[PDB]
Every structure is written in structure tokens, then in C-alpha cells.
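A lone chain, given as C-alpha cells: the form deposited in one PDB entry.
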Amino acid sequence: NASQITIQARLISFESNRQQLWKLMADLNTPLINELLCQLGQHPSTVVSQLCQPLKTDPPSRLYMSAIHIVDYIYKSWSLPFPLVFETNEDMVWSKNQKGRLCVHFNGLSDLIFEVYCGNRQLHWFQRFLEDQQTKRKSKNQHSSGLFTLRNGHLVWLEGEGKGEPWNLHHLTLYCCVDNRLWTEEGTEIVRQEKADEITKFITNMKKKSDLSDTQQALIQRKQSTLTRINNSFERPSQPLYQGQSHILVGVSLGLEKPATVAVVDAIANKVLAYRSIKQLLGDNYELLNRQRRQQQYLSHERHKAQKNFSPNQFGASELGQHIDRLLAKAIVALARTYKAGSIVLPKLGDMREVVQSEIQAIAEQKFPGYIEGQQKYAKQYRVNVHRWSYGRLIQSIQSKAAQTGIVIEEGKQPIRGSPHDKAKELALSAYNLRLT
């Protein structure tokens, strides 16, 4: 599921409860994590479950295999304490305060009730979590947990500048992973269909093998309960999802001179429904691209000044690049949705170092026809000024936005030369031709 997103909030409590949480994780959770890593490093992740069992009594029950899960995710990769992750929809118990605010109660923490402070841009997610747990309570465990919209959540701490307290300096922050497709009723229908298919495949797969008489039967009972309870749905909002036209394709061409141009084109016919350039996608936020290019130049020069020896280079850095890469993705997906586009086509990232080099060569030859010295000089100056875009965050951001809205994404091969609009159109047509296979 690439549609899942992450919401965040800040948790608030008395100094006493905050002290208990700080002590509990900093003195127990992160030492246990460090110990378990030190153990796995010298080991000659299933065995980790019984590896941690002896460590249980050495120094909060759910937090012990929370640390196991953290360790497993660390291993599979190949004064703030580490984040405490609850990888369960039901680890958190939501409630409404007497003053109306939401509160979280964690399973391992009986008396630790934290009031939730969030932004109105994402309060509806917390209200949805509350309504979901209330619906399960009303149905008396008659709804499958795969549709409570709260996949998992980890609690972290954050740093301050008061410099005068053990924990009052650090702010709590809850990060809940929420499945965006799980909001609307029809998206939940699709999620239920996929999860039922996965359950069928997994039950068929393990039935071909033999397991313990009690644990395997417990798993089977759990899966049958899930399949039974998954058909009973929730009273969620209804949205018609998205239709999508197969023959309409929105191709996006990435380059150096123009970071992103877009062509909405028919495939059954050959007419381009509409082009849009970078200035037309950013709109009123176009000065952001130019000031970001200037900032990128400044930062690159500063890094090359201090590659020998200086302090960290984050001086003057920001997330303007991410903001632009999100504005661009929003605009592109909106443009696709306007024309009922059925798919957004993007260049393969690997063929991105080649494309920018070819574009620089093309620009140099366009400026200086055959003067090789001038072409090299202009290429150097252009690389100095028009720095390489961050074509990785853009592709990922477009993927996230398209998956959220429902527009499928295909990958094509960007043509080497031609005008950016022509490159975009031919990219889209090439993608459609490959899809014909």
C-alpha cells in the first residue's frame, strides 16, 4: 500500500505522567534496544522473539516486543530515547476528555492519559479513530480490525531550547500511519477485497504445510473471524472514487532547463488535449522555483568551499525543495483529474543522469553551433547556474499524490531530443505503446 500517509500530533499531560513516560522509555526501552542490537551483531529474525525472552526479566509489556519490531526493521535493512512504536490498531485506546479534547491511553500504560493537540487540517483523522473504536465497542468485537483506518503509530520526543529541564525541554509527538484509501466507503471496499484475497492466499499457502495443533488452529480461527467480520462495514462517507480514461494519458517530462513539463494527450487519437509548462503548473508559486534554484546554487558553492574542513553545511538550508516538489505534484495530479486522465506517465529515474547531460549538450549546441570551445564553456557556466533538479523527490511526490487520488502511474522512456512539449507528448505515446503489450 503506497496510499498510506502519516499524521502527527503533540501529546500533553501533567509533569508526573510525562516523567513516568520519560523514565520508562529512556531507562528501559532504549537500553533494551541497544542490548538486543549488541546481541544480534555477535549472533552467528524469528529467533529474536525467544532471544528477547531472557532479557525480559533483566531490567510496559507491549514495549518489549515493540523493541523487537524496531530491531527487526533495523536488521532487515542490512538525550532523546528511541521512538516507541505500537504496531497495532488496538494498542492505543482513544477517549474524549471532559473538556472535549481527545486523549490517548496506551496499552502498556494504565495511568498515562495524554491529551491530543493537533491541527484542524487533520483533526478529522483522530475523530475517525475515536468513532472507529466506538463502532467496535458498539458491535462488541464484530468488526475486523483491518478497517479502523489506524494502522500503527509511534511516539517520539522532540528537542527544545529552554535547556533547563530533563523532560519539560522535550515535546511528545505521536505519529500515526493512516491509510488514506481507508477513509471513503468505496476505498474501504477495495481494501477489504484486497485483504480478503491476501487472507485466502495465505490460508491456502499454510494449509499445504503442517504446524502446531494449537497455534495453527488459533491462527486459522483468527483468519476466519477476520473474514467474517470484514464484510460488516462502517458508516463511512461515500465518494465515487475515480473513473479514469485508458486512452487519455498525462505524460510528464523532466529536464534541466524546464524541471517539469506536462502533456495531456489522447492515445486512440494523436491530438494533445493540453500542454502545460512549469510556469503554468506552479502558477503564483513560480518565484519559488527561481529562488530555490538560487538557494541550491548558494548551497552547492558553500559545500564546495568547506569540503575540506568546516562545520555542518545546514546553514541556510530549508525544505523549499520539498515544498516545490509537492506543489508540482499537486498541480500535475489536479491537471490529470480535470481531463479524466486514466494514468500519469513518468520517466524512469535511472535514465535521469543521462537525460540531463543530453539536455545540456543540446542547449550548448543550440547556443554555439560548432564552436566546441564555446560549447564547453557554456556547458560549464550553465551547470554553474542552472543546477540539477531533485528528480527523486518529484517522482515520489507525484506517486504519492496520484495513489491518493486514484490515478495509476506508468513509467516510460523520455525521448533524447526535441522540445520539452514534444518530449512530453512522445513520452506519453511511448508509454501507451508499451502498455499495448
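All residue numbers are counted from 1 along the displayed sequence. By rigid core we mean the largest C-alpha set that fits within 1.5 Å across both forms.
Quick note: we don't show the form deposited in another entry, though the next part is all about it.
**Student:** Pick out the one residue among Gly164, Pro237, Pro240, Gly283 whose C-alpha shifts by 2 Å or more between the shown form and the other one, once the rigid core is superposed.
**Tutor:** The answer here is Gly164.
**Student:** Can we say the CA of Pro369 moves by at least 2 Å between the shown form and the other one when the core is superposed?
**Tutor:** Comparing the forms between the shown form and the other one, which are aligned on their rigid core, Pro369 does not shift its C-alpha by 2 Å or more.
**Student:** Is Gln53 one of the residues whose C-alpha moves 2 Å or more between the shown form and the other one after the core fit?
**Tutor:** It does, since the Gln53 C-alpha is displaced 2 Å or more between the shown form and the other one after the core fit.
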